[PDB]
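Protein chains in written order, with the deposited numbering: chain H, 4 to 18; chain F, 4 to 18; chain B, 4 to 18; chain D, 4 to 20; chain E, 1 to 133; chain A, 1 to 133; chain C, 1 to 133; chain G, 1 to 133. Cβ atoms here follow ideal geometry from the backbone N, Cα and C, with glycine treated the same way. Take a look at the structure below.
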Amino acid sequence: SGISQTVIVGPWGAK
Amino acid sequence: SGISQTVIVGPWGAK
Amino acid sequence: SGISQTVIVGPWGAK
Amino acid sequence: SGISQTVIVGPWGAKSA
Amino acid sequence: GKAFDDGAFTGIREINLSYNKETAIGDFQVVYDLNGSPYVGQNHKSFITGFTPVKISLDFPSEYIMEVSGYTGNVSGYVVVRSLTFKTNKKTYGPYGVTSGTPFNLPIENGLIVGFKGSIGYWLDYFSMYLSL
Amino acid sequence: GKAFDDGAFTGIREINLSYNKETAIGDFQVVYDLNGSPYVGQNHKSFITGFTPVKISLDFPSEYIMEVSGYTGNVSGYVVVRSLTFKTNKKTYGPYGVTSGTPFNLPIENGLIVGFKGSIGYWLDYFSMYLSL
Amino acid sequence: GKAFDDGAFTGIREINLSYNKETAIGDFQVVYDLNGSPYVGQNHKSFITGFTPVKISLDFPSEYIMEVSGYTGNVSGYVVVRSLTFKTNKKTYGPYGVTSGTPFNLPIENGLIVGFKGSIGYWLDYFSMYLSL
Amino acid sequence: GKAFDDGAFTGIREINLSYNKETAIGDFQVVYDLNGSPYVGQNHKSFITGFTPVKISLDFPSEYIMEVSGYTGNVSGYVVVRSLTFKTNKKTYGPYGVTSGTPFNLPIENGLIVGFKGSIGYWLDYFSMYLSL
Ligand SMILES: CC(=O)N[C@@H]1[C@@H](O[C@@H]2O[C@H](CO)[C@H](O)[C@H](O)[C@H]2O)[C@@H](O)[C@@H](CO)O[C@@H]1O
Ligand SMILES: CC(=O)N[C@@H]1[C@@H](O[C@@H]2O[C@H](CO)[C@H](O)[C@H](O)[C@H]2O)[C@@H](O)[C@@H](CO)O[C@@H]1O
Ligand SMILES: CC(=O)N[C@@H]1[C@@H](O[C@@H]2O[C@H](CO)[C@H](O)[C@H](O)[C@H]2O)[C@@H](O)[C@@H](CO)O[C@@H]1O
Ligand SMILES: CC(=O)N[C@@H]1[C@@H](O[C@@H]2O[C@H](CO)[C@H](O)[C@H](O)[C@H]2O)[C@@H](O)[C@@H](CO)O[C@H]1O
């Protein structure tokens, strides 16, 4: 709740 | 500037 | 959830 | 530019400028 | 095509689009959430008509899109978006259109889609998405 | 007082507030920018009358607020925001109200104020600001 | 003094500062979190010594700073940060230094402090904070 | 394969990967920028050898990746990333690997890639990217 977050996109490759 | 920004991904389709 | 977040500072005034 | 940005509030203390 | 840019909002409440089983995506309209209230976006329409309308109503702020996928390909000499599929944390909506051409997908591990921009002529030429936390 | 929360927008175009040189800040209303279009915010009105109106029109997009300062103090036993000052990259608007009490200030090195929330009874009880890049 | 800029990180794990009950804040060092691992920041030191060291160890991830407040005033002719108080969701650490001069406070409703920048000569001259979601 | 997650940083200064013109992408390592300082990321290696190494040295801060593309395909029974191409605002690096299979691409109109996560066995199984302003 104290850790900063970031936008993450993906995976691409093996599902 | 006074205009807020946001991440934008794409385009997908016609270059 | 699906509601986008924004940093919010305050408040200032009474509590 | 290739440097990531962040909101920065302040300064508090001596006048910087 | 005619470019459009809805800008960024707080979330997505409903997506209205149209397609033709023999061509591609035609119209595109999003009902966004704007600080807890619905905001009806412009209806970005094709230069032609004769499309089948579809309404994707999400149970906004519990339901949200996690992956957008589809196919781009030629139609009458133009590269366009022929199909789109929307996968949420609750259900999969689609595919709408023609699943022919080159597939593409934007899976999101963390973050939200909060806006769209693109261009539509006879069909949806291309589109981009605004992402935020 | 009655709580209010405008939410987050794209920027600020104009701020309309009222004050009384003997008491505190009263009405508060903002015209925000919403992806290029003026968004007329709700007028958050004091429970009482007798205030003096002030219109702060910014040269949106080039002009934007860099610092918000003011004073919080006691009025009739209620602790409220007595004065407000807005400093932009072009000019200083204010002080409006009574510059007496405990000062506070929020200077911004990087980022933008994109929304306001707070509470207003007879006067502005308190307020918070949304910040974004 | 000498300016410093730690930049932005993932969070804050520990803060090490020093002060003198007769003057102001002296040294300042932060142990940040960097993607789940501790990152020891540079120890920004005063040009003089004789300060009382203080270690503020947070129960990272669950404990985080919700408000930073303090006082700025003159010491030997220089305007400096004389006192600092950190309030987390679990405890209040402070006040360290001299609670004299003009107050300032930064309460946070949503978001996190992820970095610091400022300047220190004989004492902490000024500082700013990086904020993020 | 073995999963890795570098986390998020301030930018990218160099990418060190390996490939085999007959199979797919192998090793993957990144030198990120951490608030002005090079951060040497862990070298995520393939379980096997025989790869050709490549060093992509970007002119950080002026040069940054604007589009990542590649091909995914079947190699010895596994779906892996066979090719990768990085396009910046100054040059196009690649294609590295085998341009066979199904292409994919992530163009960015606004924002930066600030980190990578994924998995590597004999080859690069899959990967994701952290995005930020
Ligand atoms: C009925 C009402 O809203 N009255 C307003 C005051 O509100 C009270 O305020 C205190 C704090 O100062 C506390 O929040 C009480 O629960 C609340 O009812 C206050 O808003 C004043 C000043 O603006 O105006 C009315 O009297
Ligand atoms: C030479 C030096 O660094 N002196 C320190 C002071 O710094 C000066 O500070 C003023 C403001 O008070 C202004 O910014 C000058 O440009 C700067 O050189 C100051 O840091 C004091 C208090 O800590 O210590 C030295 O005197
Ligand atoms: C034991 C090991 O990690 N072997 C590697 C392969 O991994 C397997 O991958 C599949 C998917 O393709 C699934 O995740 C299995 O559980 C997993 O063991 C794979 O990484 C290949 C290609 O790089 O190399 C090894 O064979
Ligand atoms: C005149 C017009 O708008 N025609 C539409 C097509 O637009 C052209 O599209 C290409 C790319 O495919 C390029 O951008 C060119 O400059 C445009 O004029 C295209 O939108 C087509 C498919 O929807 O419909 C035509 O009406």
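8 angstroms Cβ cut-off: residues of chain G touching residue i
i         : result
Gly7(C)   : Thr10, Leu34, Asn35, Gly36
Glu109(E) : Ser128
Length of the line joining the Cα atoms of residue i and residue j
i         : j         : result
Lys91(A)  : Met66(A)  : 10 angstroms
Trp15(B)  : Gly41(C)  : 31 angstroms
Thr99(G)  : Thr10(E)  : 39 angstroms
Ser83(E)  : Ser128(G) : 24 angstroms
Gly13(F)  : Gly115(G) : 19 angstroms
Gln8(H)   : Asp33(E)  : 22 angstroms
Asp27(E)  : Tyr122(E) : 9 angstroms
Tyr93(C)  : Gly73(A)  : 26 angstroms
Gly36(G)  : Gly118(C) : 16 angstroms
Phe47(A)  : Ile120(A) : 8 angstroms
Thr49(C)  : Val31(A)  : 52 angstroms
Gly7(C)   : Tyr126(A) : 31 angstroms
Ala3(G)   : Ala17(B)  : 50 angstroms
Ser69(E)  : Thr85(E)  : 5 angstroms
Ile6(F)   : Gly111(A) : 10 angstroms
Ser57(C)  : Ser18(C)  : 14 angstroms
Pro95(E)  : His44(C)  : 58 angstroms
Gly1(A)   : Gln29(A)  : 16 angstroms
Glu109(A) : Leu133(E) : 22 angstroms
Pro53(E)  : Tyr78(E)  : 22 angstroms
Limits of the beta strand (DSSP E) - the one that residue i falls within
i         : result
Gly115(G) : 112-120
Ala3(G)   : 2-5
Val80(G)  : 78-88
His44(E)  : 37-44
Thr92(A)  : 92-97
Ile11(D)  : 10-16
DSSP state of residue i mapped onto helix, strand, coil
i              : result
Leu133(G)      : coil
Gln29(G)       : strand
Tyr64(C)       : coil
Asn105(A)      : strand
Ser18(C)       : strand
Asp59(A)       : coil
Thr23(A)       : coil
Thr52(E)       : strand
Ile6(F)        : coil
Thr10(G)       : coil
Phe127(E)      : strand
residue 136(G) : Because chain G is modelled from 1 through 133, residue 136(G) falls outside the range shown and cannot be assessed.
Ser19(D)       : coil
Within chain C, the residues that residue i reaches when beta carbons sit closer than 9 angstroms
i         : result
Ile6(B)   : What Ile6(B) touches in chain C: nothing, since even the nearest Cβ is about 12 angstroms away.
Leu131(A) : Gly111, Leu131
Closer than 8 angstroms at the beta carbon, the chain C residues around residue i
i         : result
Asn105(A) : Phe104
C-beta contact flag for residue i and residue j at 8 angstroms
i         : j         : result
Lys55(G)  : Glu14(G)  : yes
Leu124(G) : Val80(G)  : yes
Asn20(G)  : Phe60(G)  : no
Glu63(C)  : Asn105(C) : no
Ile11(H)  : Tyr39(G)  : no
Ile113(G) : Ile12(G)  : yes
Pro103(A) : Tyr71(A)  : yes
Chain G contact residues for residue i, given Cβ-Cβ distances below 9 angstroms
i        : result
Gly16(F) : Result: empty, since nearest Cβ-Cβ is about 11 angstroms, beyond 9 angstroms.
8 angstroms Cβ cut-off: residues of chain B touching residue i
i         : result
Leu124(A) : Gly16
Residues that residue i contacts on chain H, provided the C-beta gap is smaller than 8 angstroms
i        : result
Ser62(C) : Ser4, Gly5
Residues that residue i contacts on chain H, provided the C-beta gap is smaller than 9 angstroms
i        : result
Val81(C) : Chain H residues near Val81(C): none, gap ~24 angstroms exceeds 9 angstroms.
beta-carbon residue i near ligand 6 non-hydrogen atom, thresh 7 angstroms
i        : result
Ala17(D) : With respect to ligand 6, the structure offers nothing, as its ligand set consists of ligand 1, ligand 2, ligand 3 and ligand 4.
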